[PDB]
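Read through the structure below, which is laid out as structure tokens, and then see the notes.
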Amino acid sequence: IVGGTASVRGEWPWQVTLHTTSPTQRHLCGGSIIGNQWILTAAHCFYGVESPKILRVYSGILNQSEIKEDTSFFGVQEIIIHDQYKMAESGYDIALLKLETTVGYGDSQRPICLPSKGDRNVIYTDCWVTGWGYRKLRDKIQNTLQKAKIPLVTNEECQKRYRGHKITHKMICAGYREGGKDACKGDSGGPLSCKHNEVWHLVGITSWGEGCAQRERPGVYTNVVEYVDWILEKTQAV
Ligand SMILES: COC(=O)Nc1ccc2c(c1)NC(=O)CCc1nc(ccc1F)C[C@H](NC(=O)/C=C/c1cc(Cl)ccc1-n1cnnn1)c1nc-2c[nH]1
């Protein structure tokens, strides 16, 4: 996160840090608890991931330093990538992780509500991007979970800012016209959480941008409302 501040423990209890074990253990992506055995993240996170066996999900983490060899985690049973996904910049940048065990909900870890189909019309004015990613293009993974309030941008305005790209309605953008606040390397897969009627909703999944927090370059997110049926299809399979 660029231009963010430290989060407080328990502020984003749906936020997870997805680690990879190969070749050495490191943070890979962010993610969101959406069900007691489901994590919603970005499809691009699994580039070169040959097996779910190398993956470890940690919930209820404020600081990366809380993760040691004795720290408990959730193993991943299955990686479900949207089958239309080719690349982040083309969309369908969405994946589900089915956990090997159930997440016990509590004050440190709980799910975030998916947006409602009627909420496709609502105007979100309180949106936050969270993660342990870089503070600038050439940087490093941050110890403390960072947060940044960023305004949503219309598809029309986002398309003007991304000449040569096709910004679809399955993407949602966020950022200040002058830049300064955004997601960056290592924040992808994480949430764009928006508060509406005292309830937080998973509005986006951090996907891509041209550089980090640049002027007239909004961050591009998977528009979660457009994938609710896909999520239910995969998580409510008979
Ligand atoms: C010690 O541990 C570490 O250093 N861990 C570590 C360190 C960096 C990264 C990963 C892990 N994570 C990954 O590499 C995930 C996998 C992957 N991701 C991308 C491209 C290829 C690819 F393989 C892409 C992924 N991208 C992002 O995360 C976020 C992109 C982004 C999003 C918005 Cl909304 C706006 C601007 C953005 N940016 C534009 N430019 N930069 N950002 C990424 N992730 C790492 C490097 N690139």
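Residue names in the structure tokens use chain letters A, B, ... in the order shown, residue numbers from 1 in each chain, and ligand numbers from 1 in the order shown.
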
Using only C-alpha atoms and all ligand atoms, what table do you get, as JSON lines, when you list each residue of chain A with an atom no more than 7 Å from ligand 1, its nearest pair of atoms, and their distance in Å rounded to one decimal, rows by chain then rising number?
```
{"residue": "A:26", "atom": "CA", "partner": "ligand 1", "partner_atom_place_in_ligand_line": "2 (O)", "distance": 4.6}
{"residue": "A:27", "atom": "CA", "partner": "ligand 1", "partner_atom_place_in_ligand_line": "2 (O)", "distance": 4.8}
{"residue": "A:28", "atom": "CA", "partner": "ligand 1", "partner_atom_place_in_ligand_line": "11 (C)", "distance": 4.2}
{"residue": "A:29", "atom": "CA", "partner": "ligand 1", "partner_atom_place_in_ligand_line": "12 (N)", "distance": 5.4}
{"residue": "A:44", "atom": "CA", "partner": "ligand 1", "partner_atom_place_in_ligand_line": "17 (C)", "distance": 5.7}
{"residue": "A:45", "atom": "CA", "partner": "ligand 1", "partner_atom_place_in_ligand_line": "16 (C)", "distance": 4.0}
{"residue": "A:46", "atom": "CA", "partner": "ligand 1", "partner_atom_place_in_ligand_line": "16 (C)", "distance": 6.1}
{"residue": "A:47", "atom": "CA", "partner": "ligand 1", "partner_atom_place_in_ligand_line": "23 (F)", "distance": 4.6}
{"residue": "A:48", "atom": "CA", "partner": "ligand 1", "partner_atom_place_in_ligand_line": "23 (F)", "distance": 6.8}
{"residue": "A:133", "atom": "CA", "partner": "ligand 1", "partner_atom_place_in_ligand_line": "28 (O)", "distance": 6.8}
{"residue": "A:137", "atom": "CA", "partner": "ligand 1", "partner_atom_place_in_ligand_line": "41 (N)", "distance": 5.9}
{"residue": "A:140", "atom": "CA", "partner": "ligand 1", "partner_atom_place_in_ligand_line": "4 (O)", "distance": 5.9}
{"residue": "A:141", "atom": "CA", "partner": "ligand 1", "partner_atom_place_in_ligand_line": "4 (O)", "distance": 5.4}
{"residue": "A:182", "atom": "CA", "partner": "ligand 1", "partner_atom_place_in_ligand_line": "35 (C)", "distance": 6.0}
{"residue": "A:183", "atom": "CA", "partner": "ligand 1", "partner_atom_place_in_ligand_line": "33 (C)", "distance": 4.6}
{"residue": "A:184", "atom": "CA", "partner": "ligand 1", "partner_atom_place_in_ligand_line": "42 (N)", "distance": 3.7}
{"residue": "A:185", "atom": "CA", "partner": "ligand 1", "partner_atom_place_in_ligand_line": "28 (O)", "distance": 3.6}
{"residue": "A:186", "atom": "CA", "partner": "ligand 1", "partner_atom_place_in_ligand_line": "28 (O)", "distance": 3.6}
{"residue": "A:187", "atom": "CA", "partner": "ligand 1", "partner_atom_place_in_ligand_line": "28 (O)", "distance": 4.5}
{"residue": "A:188", "atom": "CA", "partner": "ligand 1", "partner_atom_place_in_ligand_line": "28 (O)", "distance": 3.9}
{"residue": "A:206", "atom": "CA", "partner": "ligand 1", "partner_atom_place_in_ligand_line": "34 (Cl)", "distance": 4.6}
{"residue": "A:207", "atom": "CA", "partner": "ligand 1", "partner_atom_place_in_ligand_line": "32 (C)", "distance": 4.8}
{"residue": "A:208", "atom": "CA", "partner": "ligand 1", "partner_atom_place_in_ligand_line": "32 (C)", "distance": 3.6}
{"residue": "A:209", "atom": "CA", "partner": "ligand 1", "partner_atom_place_in_ligand_line": "36 (C)", "distance": 3.8}
{"residue": "A:210", "atom": "CA", "partner": "ligand 1", "partner_atom_place_in_ligand_line": "39 (C)", "distance": 5.2}
{"residue": "A:211", "atom": "CA", "partner": "ligand 1", "partner_atom_place_in_ligand_line": "40 (N)", "distance": 4.1}
{"residue": "A:212", "atom": "CA", "partner": "ligand 1", "partner_atom_place_in_ligand_line": "36 (C)", "distance": 4.6}
{"residue": "A:213", "atom": "CA", "partner": "ligand 1", "partner_atom_place_in_ligand_line": "36 (C)", "distance": 6.9}
{"residue": "A:219", "atom": "CA", "partner": "ligand 1", "partner_atom_place_in_ligand_line": "34 (Cl)", "distance": 3.6}
{"residue": "A:220", "atom": "CA", "partner": "ligand 1", "partner_atom_place_in_ligand_line": "34 (Cl)", "distance": 4.6}
{"residue": "A:221", "atom": "CA", "partner": "ligand 1", "partner_atom_place_in_ligand_line": "34 (Cl)", "distance": 5.7}
```

Mind writing the picked residues with N, CA, C and O atoms as a compact mmCIF listing (two decimals), in the first residue's frame?
```
# COMPACT_ATOMS: atom_id res chain seq x y z
N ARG A 26 7.39 -17.31 2.01
CA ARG A 26 7.22 -15.86 1.84
C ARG A 26 5.75 -15.55 1.59
O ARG A 26 5.02 -16.42 1.14
N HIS A 27 5.35 -14.29 1.85
CA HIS A 27 4.01 -13.78 1.58
C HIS A 27 3.88 -13.81 0.04
O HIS A 27 4.81 -13.42 -0.68
N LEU A 28 2.72 -14.23 -0.45
CA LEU A 28 2.44 -14.30 -1.89
C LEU A 28 1.38 -13.29 -2.28
O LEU A 28 1.56 -12.52 -3.24
N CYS A 29 0.26 -13.31 -1.57
CA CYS A 29 -0.87 -12.44 -1.91
C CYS A 29 -1.70 -12.22 -0.69
O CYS A 29 -1.60 -12.98 0.28
N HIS A 44 -4.21 -14.30 -10.71
CA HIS A 44 -2.79 -14.07 -11.09
C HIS A 44 -1.80 -14.48 -10.00
O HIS A 44 -0.62 -14.68 -10.29
N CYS A 45 -2.29 -14.61 -8.76
CA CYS A 45 -1.47 -15.01 -7.60
C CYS A 45 -0.84 -16.40 -7.78
O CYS A 45 0.24 -16.65 -7.25
N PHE A 46 -1.53 -17.29 -8.51
CA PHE A 46 -1.13 -18.68 -8.72
C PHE A 46 -0.29 -18.90 -9.98
O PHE A 46 -0.09 -20.05 -10.37
N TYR A 47 0.29 -17.82 -10.56
CA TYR A 47 1.18 -18.01 -11.70
C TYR A 47 2.35 -18.92 -11.27
O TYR A 47 3.04 -18.63 -10.29
N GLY A 48 2.52 -20.04 -11.95
CA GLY A 48 3.56 -21.01 -11.63
C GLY A 48 3.31 -21.88 -10.41
O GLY A 48 4.18 -22.69 -10.07
N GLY A 133 1.75 -5.27 1.00
CA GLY A 133 2.55 -4.96 -0.17
C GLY A 133 3.42 -3.71 -0.03
O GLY A 133 3.39 -3.00 0.99
N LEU A 137 7.07 1.41 -5.95
CA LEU A 137 7.43 0.39 -6.93
C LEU A 137 8.64 -0.46 -6.57
O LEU A 137 8.59 -1.68 -6.72
N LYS A 140 9.62 -3.32 -0.46
CA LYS A 140 9.57 -4.63 0.15
C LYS A 140 8.25 -4.83 0.88
O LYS A 140 7.53 -3.86 1.13
N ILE A 141 7.92 -6.09 1.20
CA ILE A 141 6.73 -6.51 1.95
C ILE A 141 6.79 -5.82 3.32
O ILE A 141 7.85 -5.79 3.95
N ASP A 182 -2.75 4.10 -3.07
CA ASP A 182 -3.06 2.95 -3.94
C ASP A 182 -2.53 1.65 -3.34
O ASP A 182 -1.73 1.67 -2.40
N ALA A 183 -2.85 0.54 -4.01
CA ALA A 183 -2.29 -0.78 -3.79
C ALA A 183 -0.94 -0.80 -4.53
O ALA A 183 -0.69 0.03 -5.41
N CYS A 184 -0.08 -1.75 -4.19
CA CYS A 184 1.20 -1.94 -4.90
C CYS A 184 1.60 -3.42 -4.81
O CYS A 184 0.78 -4.23 -4.38
N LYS A 185 2.79 -3.80 -5.29
CA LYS A 185 3.25 -5.20 -5.32
C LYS A 185 3.09 -5.93 -4.02
O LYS A 185 3.61 -5.49 -3.00
N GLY A 186 2.36 -7.04 -4.06
CA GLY A 186 2.10 -7.84 -2.86
C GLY A 186 0.76 -7.61 -2.20
O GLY A 186 0.39 -8.34 -1.28
N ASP A 187 0.01 -6.59 -2.67
CA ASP A 187 -1.33 -6.32 -2.14
C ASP A 187 -2.42 -7.10 -2.89
O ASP A 187 -3.55 -7.22 -2.39
N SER A 188 -2.11 -7.60 -4.10
CA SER A 188 -3.08 -8.28 -4.96
C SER A 188 -3.72 -9.49 -4.32
O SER A 188 -3.08 -10.18 -3.50
N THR A 206 -7.98 -6.53 -5.32
CA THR A 206 -6.82 -5.83 -5.86
C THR A 206 -6.23 -6.64 -7.01
O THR A 206 -5.89 -7.80 -6.83
N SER A 207 -6.16 -6.02 -8.19
CA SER A 207 -5.72 -6.74 -9.38
C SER A 207 -4.49 -6.12 -10.04
O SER A 207 -3.41 -6.71 -9.99
N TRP A 208 -4.66 -4.96 -10.67
CA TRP A 208 -3.50 -4.35 -11.37
C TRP A 208 -3.58 -2.81 -11.49
O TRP A 208 -4.62 -2.23 -11.21
N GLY A 209 -2.50 -2.20 -11.94
CA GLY A 209 -2.44 -0.78 -12.27
C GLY A 209 -1.17 -0.49 -13.05
O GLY A 209 -0.27 -1.34 -13.09
N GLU A 210 -1.07 0.70 -13.68
CA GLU A 210 0.18 1.10 -14.35
C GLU A 210 1.00 1.83 -13.27
O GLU A 210 0.66 2.95 -12.89
N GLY A 211 2.03 1.16 -12.74
CA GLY A 211 2.81 1.69 -11.61
C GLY A 211 1.96 1.67 -10.33
O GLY A 211 0.88 1.07 -10.32
N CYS A 212 2.43 2.32 -9.26
CA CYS A 212 1.72 2.41 -7.98
C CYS A 212 1.40 3.87 -7.64
O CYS A 212 2.30 4.71 -7.70
N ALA A 213 0.15 4.17 -7.30
CA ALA A 213 -0.36 5.49 -6.89
C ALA A 213 0.05 6.66 -7.80
O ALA A 213 0.30 7.77 -7.31
N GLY A 219 -6.09 2.34 -9.48
CA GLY A 219 -5.87 0.93 -9.28
C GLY A 219 -7.07 0.21 -9.87
O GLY A 219 -8.17 0.75 -9.83
N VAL A 220 -6.84 -0.95 -10.51
CA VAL A 220 -7.89 -1.76 -11.14
C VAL A 220 -8.15 -3.00 -10.30
O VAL A 220 -7.21 -3.70 -9.89
N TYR A 221 -9.43 -3.21 -9.97
CA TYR A 221 -9.91 -4.26 -9.08
C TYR A 221 -10.93 -5.14 -9.78
O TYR A 221 -11.67 -4.64 -10.62
```

Polymer residues at most 10 Å from residue 61 in chain A, only C-alpha atoms, same-chain spacing of 2 or more positions, as a PDB file with C-alpha atoms, in the first residue's frame:
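Final file, result.pdb:
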```pdb
ATOM      1  CA  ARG A   9      -5.428  -5.420  15.317  1.00  0.00           C
ATOM      2  CA  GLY A  10      -8.856  -6.770  14.311  1.00  0.00           C
ATOM      3  CA  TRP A  12      -9.952  -6.103   8.807  1.00  0.00           C
ATOM      4  CA  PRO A  13     -10.735  -9.557  10.291  1.00  0.00           C
ATOM      5  CA  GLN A  15      -7.986 -10.078   5.547  1.00  0.00           C
ATOM      6  CA  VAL A  16      -5.568 -12.998   5.168  1.00  0.00           C
ATOM      7  CA  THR A  17      -1.946 -13.361   4.072  1.00  0.00           C
ATOM      8  CA  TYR A  58      -2.890 -17.130   7.829  1.00  0.00           C
ATOM      9  CA  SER A  59      -5.892 -15.336   9.356  1.00  0.00           C
ATOM     10  CA  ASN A  63       2.108  -8.252  11.665  1.00  0.00           C
ATOM     11  CA  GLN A  64       4.050 -10.573   9.361  1.00  0.00           C
ATOM     12  CA  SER A  65       6.487 -11.140  12.366  1.00  0.00           C
ATOM     13  CA  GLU A  66       3.597 -13.141  14.031  1.00  0.00           C
ATOM     14  CA  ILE A  67       4.337 -15.849  11.377  1.00  0.00           C
ATOM     15  CA  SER A 108      -9.835 -11.836  15.294  1.00  0.00           C
ATOM     16  CA  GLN A 109     -11.171 -13.545  12.072  1.00  0.00           C
ATOM     17  CA  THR A 144       2.194  -4.294   9.618  1.00  0.00           C
ATOM     18  CA  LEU A 145      -1.058  -4.554   7.643  1.00  0.00           C
TER      19      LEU A 145
END
```

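Pairwise distance (CA of residue 5 in chain A, CA of residue 179 in chain A) equals 15.9 Å.
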
Need to verify the contact set: residue 181 in chain A, 12 Å, only C-alpha atoms, exclusion of same-chain residues closer than 4 positions in sequence. Can you return it as number ranges by chain? A: 1-5, 128-130, 134-136, 146-151, 174-177, 211-219

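One distance worth recording is that between CA of residue 60 in chain A and CA of residue 205 in chain A, which is 18.9 Å.
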
What's the 7 Å shell around residue 193 in chain A, counting only C-alpha atoms, without same-chain residues fewer than 5 positions away, as a list in words? residues 127, 128, 129, 200, 201, 202, 203 and 204 of chain A

Deliver the residues from the most recent selection as a file, using C-alpha atoms, as a CSV table (one decimal), in the first residue's frame.
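Once written, out.csv looks like this:
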```
chain,number,residue,atom,x,y,z
A,127,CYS,CA,-13.7,2.3,0.5
A,128,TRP,CA,-10.4,1.0,1.8
A,129,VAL,CA,-7.6,-1.0,0.2
A,200,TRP,CA,-18.6,-3.9,5.2
A,201,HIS,CA,-18.9,-5.4,1.7
A,202,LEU,CA,-16.2,-7.0,-0.5
A,203,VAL,CA,-16.5,-4.6,-3.5
A,204,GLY,CA,-13.2,-5.5,-5.1
```
